[PDB]
Structure formats: C-alpha cells, structure tokens
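Per the entry's author numbering: the sequence shown = residues 2 to 131.
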Amino acid sequence: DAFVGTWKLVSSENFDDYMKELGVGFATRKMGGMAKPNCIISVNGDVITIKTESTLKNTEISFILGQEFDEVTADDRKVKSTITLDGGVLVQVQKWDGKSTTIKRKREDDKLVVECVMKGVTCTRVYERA
Ligand SMILES: CCCCCCCCCCCCCC(=O)O
Ligand SMILES: Nc1cc2ccccc2cn1
C-alpha cells in the first residue's frame, strides 16, 4: 500500500534512550545505534511481512492485522505483539512482563516514519525508498 517497498534508514533520533528504556545492554546498544537497516514490507492477502536486514542482525515478522502473535525481537525479548491499522498508521504494540512498547509506522510524503515509545522516551526513525 503506502507501506510496501524496500526502505533504508536515513535518520534516527533518541534510539539509544529508547533501547536503554527497553533494558538493552551497552554492547547491544552500541551495535544497534549505528546500524542503518533496510526494512522490506510486503503484503500477500491477509498477511503482512516486515523484514529488517542489517549487517549484524536480521529479523522478520509475518502477521495478520488484529491477531496477536509471539515475536522474538532484535534484542531477544519474547513478546506478544499485535498490529492494527489506525487512520493509515500501522500501530504495533509489544507486551512482555507487564510492560509495553508501541511502534507506529506511517507514510509521510516520500518517507516511512517510525515512532517508538517506551515509558517517557520517544524515538523517531525515518526511512527512504532504496
Ligand atoms: C543486535 C542488535 C539489536 C538492535 C536493538 C534493537 C532493539 C529493538 C527496537 C527495534 C525498534 C524498531 C524500529 C524500526 O523499525 O526502525
Ligand atoms: N533486525 C533488526 C536489526 C536492527 C538493527 C539496528 C536497529 C534496529 C534493528 C531492528 N531489527
């Protein structure tokens, strides 16, 4: 849709603070902070696939909107995730150990804008088409 494509990270704000709030350790934050991943988003009927590829870590999720699934995150959290579409925004929530984080993906002009929130921390990541 608006989301389908191969996207390359071009900017990131507050990602270290966001990772710290998730409980990610220093060595992993160091690797994560200067990664510039690609994000490849595809859709095949009810099923959306989001692949994130980087030099030191690949991940992939496939889901149906509104159907909770188990996810192992890039930082090795075991979470229950639910993704819905709200006013053209893909809203992902991850829940684990009584905690939650939201990752909102929106299309704005030319860009894919990803807002990640944990507690008081808001991180914004922008991707452009590859
Ligand atoms: C092994 C390096 C792992 C890097 C740490 C990743 C922490 C998980 C937060 C991922 C948020 C996704 C936001 C995005 O798609 O740009
Ligand atoms: N697979 C994967 C790799 C990442 C590398 C850096 C930052 C975030 C990331 C998210 N997912």
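Built from N, CA and C at the ideal position, the CB exists for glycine as well.
Taking DSSP as the reference, what is the three-state secondary structure of residue i?
i   : result
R78 : coil
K21 : helix
Taking the straight line between their C-alpha atoms, what separation do you get for residue i and residue j?
i           : j    : result
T56         : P38  : 8 angstroms
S101        : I41  : 24 angstroms
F16         : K31  : 11 angstroms
residue 140 : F27  : One cannot answer for residue 140 here, as it falls past the ends of the chain, which runs 2 to 131.
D98         : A3   : 33 angstroms
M35         : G24  : 18 angstroms
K79         : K105 : 19 angstroms
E72         : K81  : 6 angstroms
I49         : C124 : 24 angstroms
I84         : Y128 : 19 angstroms
Use the C-beta contact count for residue i: other C-beta atoms within 10 angstroms, 16 or more gives buried, fewer gives exposed.
i    : result
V115 : buried
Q68  : exposed
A75  : buried
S63  : exposed
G33  : buried
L86  : exposed
At which residue ranges does the stretch 29-114 contain complete beta strand (DSSP E) runs of 3 or more residues, listed in the order of the chain?
39-45, 48-54, 59-65, 70-73, 79-87, 90-97 and 100-109
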